[PDB]
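Okay, here we've got a single chain as structure tokens, the form deposited in one PDB entry, with questions on binding and movement later.
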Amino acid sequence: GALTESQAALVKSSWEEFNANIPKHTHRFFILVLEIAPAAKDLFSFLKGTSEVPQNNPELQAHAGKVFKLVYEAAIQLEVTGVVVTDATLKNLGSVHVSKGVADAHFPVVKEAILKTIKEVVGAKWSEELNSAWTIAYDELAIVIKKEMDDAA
């Protein structure tokens, strides 16, 4: 709906805070994914076969860091331009996700795990506005990735 300039500023603030402790917060993110949907474990190469979510895995860390940064960058582009631009990068993400057996109905899983991660990251700074902002950003980004999935047969 929104992303006013103060909504964008909040996504940016919260993303910085997230990024201040990548080892902690990415690990936390993957724990929350599996609590929502244990079956999702099998899609991720760095998880498959583990007992617990690894705490010092650079593949896990770079993957989840990239996820959060793309949603934040989507937030700023919606706020500045009024859209999410479909580029070659998101086109490539559409093909990638179809290849790894990701489907439209998986996207709400990663959404809730992002909202809960950010909630834990900001602590007492959490607000309704913050939550709405990451929700819009995620949804608009997901629309474009799903279109390219649908498109990337």
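Here the rigid core means the biggest group of C-alpha atoms that line up within 1.5 Å when the two forms are laid on top of each other. The numbering used is simple: start at 1 and walk along the sequence shown.
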- Item | Comparing 113-121 with 84-92, the one whose average Cα B-factor in the PDB entry is higher | 84-92
- Message: Tell me which stretch has the larger mean Cα B-factor in this entry, 141-149 or 5-13.
- Response: 5-13
- Peak C-alpha temperature factor (PDB record), options 105, 70, 47, 64: 47
- Note on the structure: Per the deposited B-factor column, the C-alpha that peaks among 26, 56, 99, 127 belongs to 99
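The same protein has a further form, the form deposited in another entry, not shown here; the description that follows concerns it.
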- Message: Please determine whether the C-alpha atom of residue 50 is displaced by 2 Å or more between this form and the one not shown following superposition on the rigid core.
- Response: yes
